[PDB]
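A structural walkthrough
As a plain string of letters, each chain reads:
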Amino acid sequence: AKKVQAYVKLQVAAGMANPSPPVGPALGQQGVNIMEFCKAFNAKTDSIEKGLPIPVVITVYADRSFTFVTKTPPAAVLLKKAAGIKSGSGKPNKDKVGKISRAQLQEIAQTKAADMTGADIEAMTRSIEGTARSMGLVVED
Amino acid sequence: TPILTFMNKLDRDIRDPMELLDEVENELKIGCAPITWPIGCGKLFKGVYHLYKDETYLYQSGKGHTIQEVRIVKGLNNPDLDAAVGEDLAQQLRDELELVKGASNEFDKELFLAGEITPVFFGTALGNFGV
Amino acid sequence: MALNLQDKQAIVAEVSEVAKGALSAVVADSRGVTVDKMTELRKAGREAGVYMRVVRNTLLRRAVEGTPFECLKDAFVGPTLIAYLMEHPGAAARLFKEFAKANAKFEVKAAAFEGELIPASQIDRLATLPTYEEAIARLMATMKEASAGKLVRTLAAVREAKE
Amino acid sequence: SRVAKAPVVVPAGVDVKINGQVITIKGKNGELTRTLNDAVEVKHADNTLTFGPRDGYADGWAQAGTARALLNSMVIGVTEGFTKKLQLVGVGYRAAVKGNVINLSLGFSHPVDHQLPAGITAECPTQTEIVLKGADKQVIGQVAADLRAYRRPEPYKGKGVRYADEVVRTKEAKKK
Amino acid sequence: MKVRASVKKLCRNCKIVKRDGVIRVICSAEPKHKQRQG
RNA sequence: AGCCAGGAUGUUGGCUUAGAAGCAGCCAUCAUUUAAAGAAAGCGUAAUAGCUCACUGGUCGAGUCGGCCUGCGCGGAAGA
């Protein structure tokens, strides 16, 4: 690694790659084409499923296109498919909204293997211990 | 269709005429063949040195309504170019001209008619100099 | 913070990693970056862990003066900026390499490896440790004795001696 | 206090012509150079210069620290001499130096020739840089400030004569 | 600058020195914090 | 006090969000990585930013910080 050369992260869902209405002319402008950011993305995105957040770095030089290497997704968006309601925050901690305990989201703290600055396989559980409290979801743990 | 190139507005503070050649070759996909070359720009525009005639036409300020007096300084190393232009500016002419020869083109009439090099003139249509 | 009640703390608490210390390394980190903690702490993921600490405590007056647990020749071993490192579990091998094959790649000065405890000496790195659990180094270590050490010379008179 | 207390140590060279209340230092380069003092009694002694107050002076120390300071830059003065450097920003700005008088061109309707002081010389490694060395810190500092003056750096495009140790604010126009 | 009866340091890089019989405020960050008299 | 270094990772935090990935914003401020790093100070984003602050290390080495009680002064303060 080095530091910073060129990279960002703006996206709404994997259910629909390279969105046209959303970001539009706001998905790379320094060596990033808009009709090419769907030939290197769905090259492995269609290898798991479509409908979940997929951020990623953007290694840029000066040779026509570019190169990227994404990783584990956010454990906050997984609360629309693996937890409860469709939304999230909205109603923070003013009235016990959804409720997730020790059991749920358990293995969701097991998906980020290499991407988890929580050496202690057990302690790394305290990290995501909040990726489901940004709206108030008491744990029945 | 063949293209002559005129670099207008040397009365103004401009970009590096080297860099100007890059932008013309790179972005317009056509070779540059300098015929004249500016000596100083803006408040320091002194005139243009003709590369092929080997002489220096001297710019006079504000005669843009008629044609100014044609005032030539013959040699490129003529110590009157130093006197008329200041030896400082005179050397930068000599320096740039060195680099120009290693990164540009000789005007070829055949390639011009083929639309593959442009004769580049530097001047100022307002000062009526270079036209 | 806190005075003596806190000073004494950083001492004994970490100086336990000296009495019962596996290996030992003293590396300054002038111009260190965060990757500094994204390395010895990253390699702690799928090949190490919370079994390693480099608590920069070169407070000398605290670190050095704070080592009554027999570590002589150290009244010198504690110069300028420092960042001691120690082990509790695991062997006393590898570790030296995490530094030797990192700081060697720029990564700030490496105190030229001033050496630390265990044998208790001075400066001039070694590496007879990381060769451990690489048993196959003890395998070919016999150089097939009869074989290889033979097929390398006793049969070099043909590909290098027929003139 | 402090800066005052701290000794000055006269390097291998400089003579130190301490005459009562008039000190003079000469060495390597720098045509000597000498200043005066007041409420600070300075003592040569051995291989240094000590600075202290004087009875009946509330200025003591305060006048002594500036003492140290000055002398300390007087040693190094003739020793390593003193640096400088300025760089002209803006299309059409050009320095020259064709003697000991610098000839600047800054978009005015005229040139601006500026004659260097006593023991100060300068060179123009580039048509847009000026490095002027000297042994008197107090004068290079000036000559620099003075050159710069002709055309300080405006906060919009940044054009003008800046140092290098600058910062140049620079901000946007009033929106539409 | 601004001459007020009460100077006051506003910013963190705003200084306060006394050049002559006058207390002034020298704020290195924002010029608007430059003040005299006080 | 200078001077020398770091200030992230879960996280682009979700959210009335056209787009917000710490900072016009809402509600929240918890947990690792560590010597220290706040979903956090400021400049300023089309938006990331680049780049600097609390706090920890290093260098230097004796004092340093701010309130309280008192004495004497400074500005505030322009006229025929």
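The rules behind the values
Residues numbered from 1 in each chain as written, not as in the entry; some residues may be left out. Chains lettered and ligands numbered in written order. Part of a larger assembly, values for the part shown. Heavy atoms only, no water. Disulfide = S-S within 2.5 Å. Helix = DSSP H or I, 4+ residues; strand = E, 2+ residues; numbered from the N terminus. 1 Å grid on protein atoms, 1.4 Å probe; cavity = no way out; pocket = protein on both sides within 12 Å on 5 of 7 lines; lining within 4 Å. Points joined across faces, edges and corners; volume = space filled by probe spheres on them. Pairing = 2+ DSSP bridges. Axes fitted to C-alpha atoms, helices over the stretch in contact; angles between N-to-C directions. Contact = heavy atoms within 4.5 Å. Near = heavy atom within 4 Å. Polar contact = N/O pair within 3.5 Å; in protein donor to acceptor, adjacent residues only side chain to side chain. Salt bridge = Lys/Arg side-chain N within 4 Å of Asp/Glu carboxyl O. Buried < 20%, exposed > 50% of the residue type's maximum accessible area, 1.4 Å probe, protein only. Patch = residues over 30% accessible without salt bridge, like charges linked within 9 Å, V, L, I, M, F, W, Y side chains within 5 Å. Areas by Shrake-Rupley, 256 points an atom, 1.4 Å probe, with all protein chains shown as cover. Core = buried A, V, L, I, M, F, W, Y, C linked by side-chain atoms within 4.5 Å.

Regarding how it was determined, this PDB entry cites X-ray crystallography in its header, along with a resolution of 3.1 Å.

For chain C, the name recorded in the PDB entry is 50S ribosomal protein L10, with Escherichia coli as its organism. According to its PDB record, this entry is titled "The Structural Basis for Inhibition of Ribosomal Translocation by Viomycin".

1. Some remarks on the state of the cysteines
One covalent bond between the sulfur atoms of two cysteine residues makes up a disulfide. All names here are of chain E. Under the criterion given, the structure shown has three disulfides over all chains. One disulfide bridge connects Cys11 with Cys27, the sulfur atoms lying 2.0 Å from each other. In this structure, the disulfide formed by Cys11 and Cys27 twists by about 130° around the S-S bond and is classed as right-handed. Of this pair, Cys11 sits in the loop between β1 (2-3) and β2 (17-19) while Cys27 is found in the loop between β3 (22-24) and β4 (35-36), placing the two residues 16 residues apart along the sequence.

2. Some thoughts on empty space enclosed by the protein
Residues and elements named next belong to chain C. Applying the stated criterion across every chain, the model contains three cavities of 30 Å³ or more. Size it by volume and the largest cavity reaches roughly 290 Å³. Taken together, 23 residues make up the lining of the largest cavity; nearest its centre are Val18, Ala63, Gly66, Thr67 and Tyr84. Of all the secondary structure elements, the ones that give two or more residues to the lining of the largest cavity are α1 (4-19) and β3 (84-87).

3. Things to note about the sheet that holds strand β2 (residues 31-34) of chain B
All names here are of chain B. Strand order in this open sheet of three strands is β1-β7-β2, and the pairing throughout is parallel. The sheet terminates laterally at β1 (5-7) and β2, the two strands that pair on one side only. Taken pair by pair, the neighbouring strands of this sheet meet at an average axis angle of 35°, ignoring direction. The pairing of β2 with strand β7 (residues 117-122) spans four bridges and is parallel. What sits directly across from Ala33, in β7, is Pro119. Those strands touched by helix α1 (residues 17-28) are β1, β2 and β7, and its axis lies near 145° from that of β2.

4. Regarding the protein's contact with RNA strand F
Taken together, 46 residues lie near RNA strand F, and A:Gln11, A:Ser89, A:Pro92, C:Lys37 and C:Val55 sit nearest. With respect to RNA strand F, the backbone of C:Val55 contributes an N or O atom lying 3.2 Å from a phosphate oxygen. Between a sugar or linking oxygen of RNA strand F and a side-chain N or O atom of D:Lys171, the distance comes to 3.4 Å.

5. With respect to the pattern of salt bridges
Scanning all chains against the criterion turns up 15 salt bridges over all chains. For the salt bridge of A:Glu129 with A:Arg126, the shortest nitrogen-to-oxygen distance reads 3.7 Å. For A:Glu129, a relative accessible area of 39% gives the class partly exposed. With a shortest N-O distance of 4.0 Å, C:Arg46 and C:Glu47 are connected by a salt bridge. Judged by relative accessible area, C:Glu47 falls into the partly exposed class, the value being 42%.

6. Topic: a nonpolar patch on the surface
There is a patch of nonpolar side chains on the surface, built from C:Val33, C:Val35 and C:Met38 and spanning about 240 Å² of accessible area. With respect to the helices and strands, C:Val33 occurs in the loop between β1 (25-26) and β2 (52-53).

7. Here we look at the side chain of D:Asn37
Residues and elements named next belong to chain D. The residue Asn37 is located in the loop between β2 (34-36) and β3 (41-43) in this model. On the accessibility criterion, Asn37 (17% relative accessible area) is buried. Setting aside its immediate chain neighbours within four residues, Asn37 contacts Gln21, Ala67 and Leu71.

8. Here we look at the nonpolar core
Formed by 27 residues in total, the largest nonpolar core has its most connected members in B:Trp37, B:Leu93 and B:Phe122. At the level of elements, α1, β3 (36-39), β4 (47-50), β5 (55-58), α2 (79-85), α3 (87-103) and β7 of chain B are the ones that each hand at least two residues to this core. Of the residues forming this core, the biggest block, four residues, is contributed by α3(B). Among residues more than four places away in sequence, those in contact with B:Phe122 are B:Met7, B:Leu10, B:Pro17, B:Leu21, B:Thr36, B:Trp37, B:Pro38, B:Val48 and B:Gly130. Of all hydrophobic cores here, the second largest spans 22 residues; its members include D:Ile102, D:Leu132, D:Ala144 and D:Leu147.

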